[PDB]
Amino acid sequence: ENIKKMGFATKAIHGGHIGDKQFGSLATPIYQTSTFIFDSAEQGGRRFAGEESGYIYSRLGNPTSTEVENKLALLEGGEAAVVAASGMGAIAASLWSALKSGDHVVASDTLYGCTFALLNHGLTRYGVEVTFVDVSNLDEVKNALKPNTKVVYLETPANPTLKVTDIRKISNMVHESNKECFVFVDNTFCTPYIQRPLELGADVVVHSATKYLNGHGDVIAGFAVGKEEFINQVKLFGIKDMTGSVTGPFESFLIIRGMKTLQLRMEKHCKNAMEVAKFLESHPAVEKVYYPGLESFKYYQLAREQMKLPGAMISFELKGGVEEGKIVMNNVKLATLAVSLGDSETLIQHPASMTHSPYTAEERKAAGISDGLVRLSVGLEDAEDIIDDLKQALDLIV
């Protein structure tokens, strides 16, 4: 099994799988254990010294987690991956390992709300300078770069607007002018099936596994993906010391299980979303549809440059404010009123009347997060059913 030459599905299914060498179990065993047994004091000493392979203690590493790490690194085309007990855990642990007091970060002004809060209010308590910029005007990006800029943090498509960012072109410019700077890309919305930021110049990829990679709405987990040199530091410092964000081995087993169908779900998510997006664009209550697959969309061709599929997140604005948005939220029958995304169940959320949250009213005016903006996570249901349900709720405001 020189797995790396094979298809995506084969890699998702068989990649990183070591095998139960003692009983021959087909399925990955759940090594639900806190600690590990040494055969000798010498073997222990050598595991602690780095001389020998093998396991010590589940905060430091666990066989079930190792497999899903190796599987995702393989899918992203990265040397190494670390799995964490949440997406924010993988992001924080990566940021802690890469930065120190006095370093500087350039971030996108359009981010997942808790990433913005981590950057805006968290890292800045601890001596890290942060500048939020429009990643669509590279001159703005290039002028934010200071001699001590260590991370450029980007998310594409961006939660909640689906704004797309030229990964190759920011990476090139940053790498030309700041040789010490990492380019981080949050690839949650895409998964490696749709977008592989490491092939476009990114140095570090982060995911909320809570979303598409697990895919079943029963796991909180994250990953960081990148060079072995740096991921090793994320494991031995960001996770071991700074965050203690240890994925439960049972949760790792569930991510492995969900990744068995990652190819099939992303294909179905996206075919559903494209039908839904076209419906929304033609409905009389809708003013603007935000979707990478619509030719009307501002970042359509940047999406076509980086994304195999337009994805399965849709945002749209109703004619009418928050009030018409609330009316739709409160009368869908198949769509589920919840945050998160990437589940079998279609999810709908209305930042304007709920999570407008970690941003101030002004700070999301800058990012383009209007009231009346609805965000839709298109599920795996039959598309006619999703559309019928959206249609009945939208007809209420016509």
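Note that residue numbering follows the sequence shown and begins at 1.
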item	value
51-59 or 66-74, whichever carries the higher mean Cα B-factor	51-59
Higher-B stretch (mean Cα B-factor, as the entry records it), 370-378 or 384-392	370-378
Residue with highest C-alpha B-factor in the PDB entry, from 172, 188, 233, 165	172
Most elevated Cα B-factor in the entry, residues 344, 336, 33, 330	330
Assigned third (lowest, middle, highest) for the C-alpha B factor of residue 246	lowest
Lowest, middle or highest third - CA B-factor, residue 151	middle
Residue 142, C-alpha B-factor rank within chain (lowest, middle or highest third)	highest
Residue 223, C-alpha B-factor rank within chain (lowest, middle or highest third)	lowest
Residue 15 by Cα B-factor - lowest, middle or highest third of the modelled chain	lowest
